[PDB]
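Undergrad: Just so it is clear, I am handing over upload-v8.pdb, which has PDB, C-alpha atoms and all ligand atoms.
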```pdb
ATOM      1  CA  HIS A   1      76.531  91.764  78.227  1.00  0.00           C
ATOM      2  CA  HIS A   2      73.562  91.380  80.696  1.00  0.00           C
ATOM      3  CA  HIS A   3      74.229  94.688  82.664  1.00  0.00           C
ATOM      4  CA  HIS A   4      70.988  96.438  81.429  1.00  0.00           C
ATOM      5  CA  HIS A   5      69.123  95.415  84.712  1.00  0.00           C
ATOM      6  CA  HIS A   6      71.544  97.656  86.821  1.00  0.00           C
ATOM      7  CA  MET A   7      70.166 100.593  84.763  1.00  0.00           C
ATOM      8  CA  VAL A   8      70.194 103.967  86.650  1.00  0.00           C
ATOM      9  CA  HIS A   9      68.435 107.263  85.688  1.00  0.00           C
ATOM     10  CA  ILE A  10      71.247 109.790  85.189  1.00  0.00           C
ATOM     11  CA  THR A  11      70.612 113.559  85.075  1.00  0.00           C
ATOM     12  CA  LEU A  12      73.130 116.331  84.377  1.00  0.00           C
ATOM     13  CA  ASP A  13      74.267 118.805  87.087  1.00  0.00           C
ATOM     14  CA  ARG A  14      73.969 122.392  85.585  1.00  0.00           C
ATOM     15  CA  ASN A  15      76.264 123.789  88.322  1.00  0.00           C
ATOM     16  CA  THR A  16      79.252 121.708  87.090  1.00  0.00           C
ATOM     17  CA  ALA A  17      78.808 122.614  83.396  1.00  0.00           C
ATOM     18  CA  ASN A  18      81.239 124.715  81.383  1.00  0.00           C
ATOM     19  CA  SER A  19      79.539 128.106  80.899  1.00  0.00           C
ATOM     20  CA  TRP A  20      79.006 127.525  77.107  1.00  0.00           C
ATOM     21  CA  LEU A  21      76.929 124.346  77.613  1.00  0.00           C
ATOM     22  CA  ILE A  22      73.139 124.180  77.201  1.00  0.00           C
ATOM     23  CA  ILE A  23      71.456 121.467  79.271  1.00  0.00           C
ATOM     24  CA  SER A  24      67.865 120.589  78.391  1.00  0.00           C
ATOM     25  CA  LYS A  25      64.932 121.222  80.795  1.00  0.00           C
ATOM     26  CA  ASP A  26      64.741 117.445  81.569  1.00  0.00           C
ATOM     27  CA  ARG A  27      68.552 117.472  82.388  1.00  0.00           C
ATOM     28  CA  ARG A  28      69.010 114.499  79.957  1.00  0.00           C
ATOM     29  CA  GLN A  29      70.680 116.313  76.948  1.00  0.00           C
ATOM     30  CA  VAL A  30      73.644 118.671  76.642  1.00  0.00           C
ATOM     31  CA  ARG A  31      75.154 120.529  73.677  1.00  0.00           C
ATOM     32  CA  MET A  32      77.761 123.211  72.937  1.00  0.00           C
ATOM     33  CA  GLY A  33      76.310 126.712  72.632  1.00  0.00           C
ATOM     34  CA  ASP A  34      77.767 129.225  70.132  1.00  0.00           C
ATOM     35  CA  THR A  35      78.493 131.690  73.096  1.00  0.00           C
ATOM     36  CA  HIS A  36      78.608 132.026  76.948  1.00  0.00           C
ATOM     37  CA  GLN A  37      75.189 130.930  78.312  1.00  0.00           C
ATOM     38  CA  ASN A  38      74.765 133.890  80.764  1.00  0.00           C
ATOM     39  CA  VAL A  39      75.443 131.930  84.007  1.00  0.00           C
ATOM     40  CA  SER A  40      77.561 133.053  87.028  1.00  0.00           C
ATOM     41  CA  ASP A  41      80.976 131.406  87.538  1.00  0.00           C
ATOM     42  CA  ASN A  42      81.499 128.981  90.460  1.00  0.00           C
ATOM     43  CA  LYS A  43      84.263 126.667  91.686  1.00  0.00           C
ATOM     44  CA  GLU A  44      82.486 123.496  90.312  1.00  0.00           C
ATOM     45  CA  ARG A  45      82.435 124.556  86.599  1.00  0.00           C
ATOM     46  CA  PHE A  46      84.917 122.959  84.204  1.00  0.00           C
ATOM     47  CA  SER A  47      86.681 126.101  82.779  1.00  0.00           C
ATOM     48  CA  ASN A  48      88.902 124.844  79.907  1.00  0.00           C
ATOM     49  CA  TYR A  49      86.763 122.164  78.182  1.00  0.00           C
ATOM     50  CA  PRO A  50      83.045 121.553  77.328  1.00  0.00           C
ATOM     51  CA  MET A  51      82.561 119.144  80.295  1.00  0.00           C
ATOM     52  CA  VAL A  52      79.716 118.474  82.746  1.00  0.00           C
ATOM     53  CA  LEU A  53      79.031 115.883  85.482  1.00  0.00           C
ATOM     54  CA  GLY A  54      75.994 113.793  86.317  1.00  0.00           C
ATOM     55  CA  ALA A  55      74.165 114.751  89.562  1.00  0.00           C
ATOM     56  CA  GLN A  56      74.317 111.169  90.867  1.00  0.00           C
ATOM     57  CA  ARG A  57      77.198 110.061  93.151  1.00  0.00           C
ATOM     58  CA  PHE A  58      78.109 106.346  93.448  1.00  0.00           C
ATOM     59  CA  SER A  59      80.191 104.800  96.299  1.00  0.00           C
ATOM     60  CA  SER A  60      78.976 101.128  96.028  1.00  0.00           C
ATOM     61  CA  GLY A  61      77.105  98.692  93.748  1.00  0.00           C
ATOM     62  CA  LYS A  62      76.692  98.115  90.063  1.00  0.00           C
ATOM     63  CA  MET A  63      75.397 100.913  87.782  1.00  0.00           C
ATOM     64  CA  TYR A  64      74.662 101.037  84.007  1.00  0.00           C
ATOM     65  CA  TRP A  65      73.577 103.886  81.697  1.00  0.00           C
ATOM     66  CA  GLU A  66      73.556 104.644  77.913  1.00  0.00           C
ATOM     67  CA  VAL A  67      74.528 107.764  75.976  1.00  0.00           C
ATOM     68  CA  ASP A  68      73.603 108.745  72.383  1.00  0.00           C
ATOM     69  CA  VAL A  69      76.557 110.126  70.361  1.00  0.00           C
ATOM     70  CA  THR A  70      74.856 110.188  66.911  1.00  0.00           C
ATOM     71  CA  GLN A  71      76.624 112.392  64.272  1.00  0.00           C
ATOM     72  CA  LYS A  72      79.287 113.744  66.673  1.00  0.00           C
ATOM     73  CA  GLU A  73      82.931 114.094  65.569  1.00  0.00           C
ATOM     74  CA  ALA A  74      84.437 114.398  69.094  1.00  0.00           C
ATOM     75  CA  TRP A  75      83.378 113.558  72.697  1.00  0.00           C
ATOM     76  CA  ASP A  76      84.622 111.990  75.935  1.00  0.00           C
ATOM     77  CA  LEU A  77      82.447 109.640  78.132  1.00  0.00           C
ATOM     78  CA  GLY A  78      82.865 107.714  81.358  1.00  0.00           C
ATOM     79  CA  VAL A  79      83.094 108.351  85.124  1.00  0.00           C
ATOM     80  CA  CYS A  80      85.323 110.406  87.349  1.00  0.00           C
ATOM     81  CA  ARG A  81      86.047 111.096  91.006  1.00  0.00           C
ATOM     82  CA  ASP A  82      83.866 113.759  92.621  1.00  0.00           C
ATOM     83  CA  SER A  83      87.145 115.583  93.526  1.00  0.00           C
ATOM     84  CA  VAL A  84      88.672 115.915  90.008  1.00  0.00           C
ATOM     85  CA  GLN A  85      90.302 119.228  89.100  1.00  0.00           C
ATOM     86  CA  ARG A  86      87.814 121.667  87.433  1.00  0.00           C
ATOM     87  CA  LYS A  87      90.128 124.620  86.450  1.00  0.00           C
ATOM     88  CA  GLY A  88      92.974 124.811  83.955  1.00  0.00           C
ATOM     89  CA  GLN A  89      94.557 122.163  81.734  1.00  0.00           C
ATOM     90  CA  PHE A  90      94.662 118.435  82.591  1.00  0.00           C
ATOM     91  CA  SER A  91      94.756 115.014  80.862  1.00  0.00           C
ATOM     92  CA  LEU A  92      92.018 112.392  81.211  1.00  0.00           C
ATOM     93  CA  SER A  93      93.759 109.509  83.066  1.00  0.00           C
ATOM     94  CA  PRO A  94      93.107 107.239  86.042  1.00  0.00           C
ATOM     95  CA  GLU A  95      95.972 109.038  87.875  1.00  0.00           C
ATOM     96  CA  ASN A  96      93.894 112.285  87.570  1.00  0.00           C
ATOM     97  CA  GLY A  97      90.635 110.506  88.615  1.00  0.00           C
ATOM     98  CA  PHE A  98      89.032 109.728  85.196  1.00  0.00           C
ATOM     99  CA  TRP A  99      87.941 106.424  83.573  1.00  0.00           C
ATOM    100  CA  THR A 100      86.935 107.466  80.045  1.00  0.00           C
ATOM    101  CA  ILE A 101      86.928 106.683  76.304  1.00  0.00           C
ATOM    102  CA  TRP A 102      86.730 109.213  73.483  1.00  0.00           C
ATOM    103  CA  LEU A 103      86.352 109.874  69.771  1.00  0.00           C
ATOM    104  CA  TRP A 104      88.817 112.323  68.188  1.00  0.00           C
ATOM    105  CA  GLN A 105      89.847 112.733  64.514  1.00  0.00           C
ATOM    106  CA  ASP A 106      88.180 109.558  63.325  1.00  0.00           C
ATOM    107  CA  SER A 107      89.815 107.286  66.004  1.00  0.00           C
ATOM    108  CA  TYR A 108      88.490 105.871  69.288  1.00  0.00           C
ATOM    109  CA  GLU A 109      90.856 105.721  72.315  1.00  0.00           C
ATOM    110  CA  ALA A 110      90.694 104.800  76.019  1.00  0.00           C
ATOM    111  CA  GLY A 111      91.905 107.475  78.495  1.00  0.00           C
ATOM    112  CA  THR A 112      94.872 105.551  79.900  1.00  0.00           C
ATOM    113  CA  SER A 113      98.291 107.272  80.240  1.00  0.00           C
ATOM    114  CA  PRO A 114      99.399 107.060  77.559  1.00  0.00           C
ATOM    115  CA  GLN A 115      96.105 106.560  75.646  1.00  0.00           C
ATOM    116  CA  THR A 116      95.147 103.143  74.231  1.00  0.00           C
ATOM    117  CA  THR A 117      93.877 102.556  70.660  1.00  0.00           C
ATOM    118  CA  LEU A 118      90.383 101.011  70.516  1.00  0.00           C
ATOM    119  CA  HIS A 119      89.293  98.588  67.719  1.00  0.00           C
ATOM    120  CA  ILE A 120      85.660  99.332  66.774  1.00  0.00           C
ATOM    121  CA  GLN A 121      84.366  97.914  63.406  1.00  0.00           C
ATOM    122  CA  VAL A 122      80.843  99.487  63.735  1.00  0.00           C
ATOM    123  CA  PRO A 123      81.022 103.241  64.689  1.00  0.00           C
ATOM    124  CA  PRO A 124      78.715 103.506  67.718  1.00  0.00           C
ATOM    125  CA  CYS A 125      75.605 105.729  67.809  1.00  0.00           C
ATOM    126  CA  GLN A 126      74.958 104.741  71.501  1.00  0.00           C
ATOM    127  CA  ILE A 127      77.517 103.759  74.201  1.00  0.00           C
ATOM    128  CA  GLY A 128      76.722 101.722  77.344  1.00  0.00           C
ATOM    129  CA  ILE A 129      78.743 102.449  80.513  1.00  0.00           C
ATOM    130  CA  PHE A 130      78.925  99.865  83.330  1.00  0.00           C
ATOM    131  CA  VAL A 131      80.538 100.528  86.752  1.00  0.00           C
ATOM    132  CA  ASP A 132      81.107  97.799  89.374  1.00  0.00           C
ATOM    133  CA  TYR A 133      82.339  99.792  92.400  1.00  0.00           C
ATOM    134  CA  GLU A 134      83.383  96.847  94.578  1.00  0.00           C
ATOM    135  CA  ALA A 135      85.114  94.994  91.697  1.00  0.00           C
ATOM    136  CA  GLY A 136      86.989  98.185  90.553  1.00  0.00           C
ATOM    137  CA  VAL A 137      85.645  97.871  86.948  1.00  0.00           C
ATOM    138  CA  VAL A 138      84.483 100.394  84.327  1.00  0.00           C
ATOM    139  CA  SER A 139      83.350  98.871  81.015  1.00  0.00           C
ATOM    140  CA  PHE A 140      82.111 100.372  77.750  1.00  0.00           C
ATOM    141  CA  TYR A 141      79.736  98.657  75.280  1.00  0.00           C
ATOM    142  CA  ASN A 142      78.787  99.347  71.615  1.00  0.00           C
ATOM    143  CA  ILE A 143      74.925  99.364  71.694  1.00  0.00           C
ATOM    144  CA  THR A 144      74.818  99.799  67.835  1.00  0.00           C
ATOM    145  CA  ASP A 145      76.780  96.465  67.501  1.00  0.00           C
ATOM    146  CA  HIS A 146      74.575  94.189  69.731  1.00  0.00           C
ATOM    147  CA  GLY A 147      76.329  95.364  72.953  1.00  0.00           C
ATOM    148  CA  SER A 148      79.873  94.306  71.925  1.00  0.00           C
ATOM    149  CA  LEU A 149      82.673  95.175  74.399  1.00  0.00           C
ATOM    150  CA  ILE A 150      84.697  98.302  73.611  1.00  0.00           C
ATOM    151  CA  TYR A 151      87.012  98.546  76.639  1.00  0.00           C
ATOM    152  CA  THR A 152      87.377  97.446  80.312  1.00  0.00           C
ATOM    153  CA  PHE A 153      89.352  99.357  82.963  1.00  0.00           C
ATOM    154  CA  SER A 154      90.080  96.858  85.740  1.00  0.00           C
ATOM    155  CA  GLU A 155      91.943  97.158  89.078  1.00  0.00           C
ATOM    156  CA  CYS A 156      90.490 100.692  89.250  1.00  0.00           C
ATOM    157  CA  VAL A 157      91.484 102.720  92.329  1.00  0.00           C
ATOM    158  CA  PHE A 158      88.367 105.022  92.516  1.00  0.00           C
ATOM    159  CA  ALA A 159      89.513 106.558  95.852  1.00  0.00           C
ATOM    160  CA  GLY A 160      86.193 108.377  96.396  1.00  0.00           C
ATOM    161  CA  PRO A 161      82.624 108.799  95.192  1.00  0.00           C
ATOM    162  CA  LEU A 162      82.168 108.541  91.388  1.00  0.00           C
ATOM    163  CA  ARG A 163      80.141 110.830  89.086  1.00  0.00           C
ATOM    164  CA  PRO A 164      79.036 110.249  85.461  1.00  0.00           C
ATOM    165  CA  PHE A 165      81.371 112.313  83.208  1.00  0.00           C
ATOM    166  CA  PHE A 166      80.638 113.949  79.795  1.00  0.00           C
ATOM    167  CA  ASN A 167      82.517 116.100  77.259  1.00  0.00           C
ATOM    168  CA  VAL A 168      80.479 117.282  74.222  1.00  0.00           C
ATOM    169  CA  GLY A 169      83.743 118.464  72.547  1.00  0.00           C
ATOM    170  CA  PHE A 170      84.555 121.695  70.769  1.00  0.00           C
ATOM    171  CA  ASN A 171      82.874 122.663  67.508  1.00  0.00           C
ATOM    172  CA  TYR A 172      85.693 124.416  65.586  1.00  0.00           C
ATOM    173  CA  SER A 173      84.715 122.356  62.419  1.00  0.00           C
ATOM    174  CA  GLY A 174      80.981 123.177  62.391  1.00  0.00           C
ATOM    175  CA  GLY A 175      80.445 119.383  62.291  1.00  0.00           C
ATOM    176  CA  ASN A 176      80.230 118.675  66.060  1.00  0.00           C
ATOM    177  CA  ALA A 177      77.159 120.676  67.240  1.00  0.00           C
ATOM    178  CA  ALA A 178      75.004 117.589  67.967  1.00  0.00           C
ATOM    179  CA  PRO A 179      74.132 116.869  71.629  1.00  0.00           C
ATOM    180  CA  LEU A 180      75.024 114.043  74.005  1.00  0.00           C
ATOM    181  CA  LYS A 181      71.702 112.476  75.131  1.00  0.00           C
ATOM    182  CA  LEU A 182      71.017 110.103  78.043  1.00  0.00           C
ATOM    183  CA  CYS A 183      68.936 107.263  76.488  1.00  0.00           C
ATOM    184  CA  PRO A 184      65.752 105.973  78.074  1.00  0.00           C
ATOM    185  CA  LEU A 185      65.744 102.702  80.077  1.00  0.00           C
TER     186      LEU A 185
HETATM  187  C1  LIG B   1      90.006 128.258  78.205  1.00  0.00           C
HETATM  188  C2  LIG B   1      90.202 127.898  76.764  1.00  0.00           C
HETATM  189  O1  LIG B   1      91.319 127.865  76.253  1.00  0.00           O
HETATM  190  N1  LIG B   1      89.100 127.606  76.033  1.00  0.00           N
HETATM  191  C3  LIG B   1      87.826 127.098  76.573  1.00  0.00           C
HETATM  192  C4  LIG B   1      86.860 127.586  75.531  1.00  0.00           C
HETATM  193  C5  LIG B   1      85.474 127.658  75.591  1.00  0.00           C
HETATM  194  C6  LIG B   1      84.781 128.160  74.507  1.00  0.00           C
HETATM  195  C7  LIG B   1      85.461 128.590  73.365  1.00  0.00           C
HETATM  196  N2  LIG B   1      84.750 129.094  72.279  1.00  0.00           N
HETATM  197  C8  LIG B   1      86.856 128.516  73.306  1.00  0.00           C
HETATM  198  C9  LIG B   1      87.546 128.011  74.398  1.00  0.00           C
HETATM  199  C10 LIG B   1      89.023 127.835  74.580  1.00  0.00           C
END
```
Could you write out this structure as structure tokens?
Ligand SMILES: CC(=O)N1Cc2ccc(N)cc2C1
TA:
Amino acid sequence: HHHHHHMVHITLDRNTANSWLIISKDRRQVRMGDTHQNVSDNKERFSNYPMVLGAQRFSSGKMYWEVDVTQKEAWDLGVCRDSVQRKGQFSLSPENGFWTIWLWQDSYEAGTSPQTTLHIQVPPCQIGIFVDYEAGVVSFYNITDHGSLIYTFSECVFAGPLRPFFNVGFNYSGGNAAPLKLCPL
């Protein structure tokens, strides 16, 4: 891919974070804390899962960013509508306003309904995410494997402003404490 030149500087929005997340001072890294992080509740926070949004909102254009997933066992990445549900249980699907991929139990899957099996030969340490708003496209790239394509959602019906979406995953195993990190341009 040659999407690198649409690079955007993403930062995380503390106000949207699940109350157990710890976001770095530079707002470029997030990890699961071992307890509640002593913040007030608000209507923006994801309550049920270790999720957080980017601060940036996109309603046009082409955008590209990269995320480091080194040594994690579980995570979700992509974009979502600004108006997605925050409270209670929900599935990650385009019908619910999410365009995502994930790692879970040693398999990679795209957040379609039902989910789609991904075929990745080189487990990624960094993921590239490309959004073309006008084209209705969200694509995922394996930066560890020379930028190879992972998955493309096409004919996307965004139906509103988009935000970068992150899930650091639970850490029941003790093997998933590592952060998600936004990689430098
Ligand atoms: C609401 C719910 O079922 N959750 C969210 C959450 C957050 C942190 C921890 N340690 C456990 C759980 C389970």
Undergrad: Under the rule that all atoms listed in the file are counted, which of A:160, A:147, A:136, A:50 is the nearest residue to residue 62 of chain A?
TA: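 For residue 62 of chain A, the nearest of the candidates is A:136.
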Undergrad: Starting from the shown file, work through the PyMOL selection byres (((chain A and resi 47) around 7) and not hetatm) and note down what comes out as a list in words.
TA: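 The output of the PyMOL selection byres (((chain A and resi 47) around 7) and not hetatm) on this file is residues 18, 45, 46, 48, 49, 86, 87 and 88 of chain A.
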Undergrad: Run the PyMOL selection byres (((chain A and resi 146) around 12) and not hetatm) mentally over the shown coordinates, then write out the matched residues as an NGL selection string, using the chain letters and numbers from the document.
TA: :A and (1-2 or 122 or 124-128 or 141-145 or 147-150)
Undergrad: Record the distance separating atom CA of residue 166 of chain A and atom CA of residue 60 of chain A, expressed in Å with one decimal.
TA: 20.8 Å
Undergrad: If we count only C-alpha atoms and set the cut-off at 12 Å, which residues sit around residue 132 of chain A, ignoring sequence neighbours fewer than 5 positions away in its own chain? Please answer as a ChimeraX atom specification.
TA: /A:3,6,58-64,79,137-140,152-158,162
Undergrad: Using only C-alpha atoms and all ligand atoms, can you tell me which of A:133, A:108, A:75, A:20 comes closest to ligand LIG 1 (chain B)?
TA: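 That would be A:20, the residue with the smallest distance to ligand LIG 1 (chain B).
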Undergrad: Given 4 Å on each side, where is the centre and what are the edge lengths in Å to one decimal of the axis-aligned box enclosing the listed atoms of ligand LIG 1 (chain B), as JSON?
TA:
```
{"center_x": 88.0, "center_y": 128.1, "center_z": 75.2, "size_x": 14.6, "size_y": 10.0, "size_z": 13.9}
```
Undergrad: Mind checking which residues fall within 8 Å of residue 99 of chain A, counting only C-alpha atoms, ignoring those fewer than 2 positions away in the same chain, and posting them as a ChimeraX atom specification?
TA: /A:78-80,92-94,97,101,111-112,138,153
Undergrad: Export C-alpha atoms of the chosen residues as a PDB file, keeping the file's coordinate frame?
TA:
```pdb
ATOM      1  CA  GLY A  78      82.865 107.714  81.358  1.00  0.00           C
ATOM      2  CA  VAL A  79      83.094 108.351  85.124  1.00  0.00           C
ATOM      3  CA  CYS A  80      85.323 110.406  87.349  1.00  0.00           C
ATOM      4  CA  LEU A  92      92.018 112.392  81.211  1.00  0.00           C
ATOM      5  CA  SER A  93      93.759 109.509  83.066  1.00  0.00           C
ATOM      6  CA  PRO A  94      93.107 107.239  86.042  1.00  0.00           C
ATOM      7  CA  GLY A  97      90.635 110.506  88.615  1.00  0.00           C
ATOM      8  CA  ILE A 101      86.928 106.683  76.304  1.00  0.00           C
ATOM      9  CA  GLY A 111      91.905 107.475  78.495  1.00  0.00           C
ATOM     10  CA  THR A 112      94.872 105.551  79.900  1.00  0.00           C
ATOM     11  CA  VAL A 138      84.483 100.394  84.327  1.00  0.00           C
ATOM     12  CA  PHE A 153      89.352  99.357  82.963  1.00  0.00           C
TER      13      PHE A 153
END
```
Undergrad: Suppose you want the space between atom CA of residue 116 of chain A and atom CA of residue 183 of chain A; what is it in Å?
TA: 26.6 Å
Undergrad: Figure out the distance between atom CA of residue 91 of chain A and atom CA of residue 24 of chain A, please, to one decimal in Å.
TA: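 Interatomic distance here is 27.6 Å.
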Undergrad: I'd like to know which of A:55, A:66, A:107, A:161 is closest to residue 134 of chain A, using only C-alpha atoms.
TA: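 The answer is A:161, which sits nearest to residue 134 of chain A.
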Undergrad: Using only C-alpha atoms, which of the listed residues (A:57, A:30, A:84, A:95) sits closest to residue 43 of chain A?
TA: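 For residue 43 of chain A, the nearest of the given residues is A:84.
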Undergrad: Would you translate the PyMOL selection byres (((chain A and resi 73) around 7) and not hetatm) into the concrete set of residues it matches in this file, as a list in words?
TA: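 This file, filtered by the PyMOL selection byres (((chain A and resi 73) around 7) and not hetatm), leaves residues 71, 72, 74, 103, 104, 175 and 176 of chain A.
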Undergrad: Counting all atoms listed in the file, which of A:169, A:54, A:163, A:119 gets nearest to residue 98 of chain A?
TA: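 So, comparing all the options, the nearest one is A:163.
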Undergrad: With distances taken over only C-alpha atoms, which residue among A:82, A:68, A:34, A:106 lies nearest residue 56 of chain A?
TA: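 Closest to residue 56 of chain A of all the choices is A:82.
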Undergrad: Residue 29 of chain A: which residues within 12 Å, counting all atoms listed in the file, same-chain residues fewer than 6 positions away excluded, as a compact mmCIF listing (two decimals) with C-alpha atoms, in the coordinates of the input?
TA:
```txt
# COMPACT_ATOMS: atom_id res chain seq x y z
CA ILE A 10 71.25 109.79 85.19
CA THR A 11 70.61 113.56 85.08
CA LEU A 12 73.13 116.33 84.38
CA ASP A 13 74.27 118.80 87.09
CA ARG A 14 73.97 122.39 85.58
CA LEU A 21 76.93 124.35 77.61
CA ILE A 22 73.14 124.18 77.20
CA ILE A 23 71.46 121.47 79.27
CA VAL A 52 79.72 118.47 82.75
CA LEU A 53 79.03 115.88 85.48
CA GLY A 54 75.99 113.79 86.32
CA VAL A 67 74.53 107.76 75.98
CA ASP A 68 73.60 108.74 72.38
CA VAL A 69 76.56 110.13 70.36
CA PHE A 166 80.64 113.95 79.80
CA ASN A 167 82.52 116.10 77.26
CA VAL A 168 80.48 117.28 74.22
CA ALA A 178 75.00 117.59 67.97
CA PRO A 179 74.13 116.87 71.63
CA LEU A 180 75.02 114.04 74.00
CA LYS A 181 71.70 112.48 75.13
CA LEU A 182 71.02 110.10 78.04
CA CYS A 183 68.94 107.26 76.49
CA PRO A 184 65.75 105.97 78.07
```
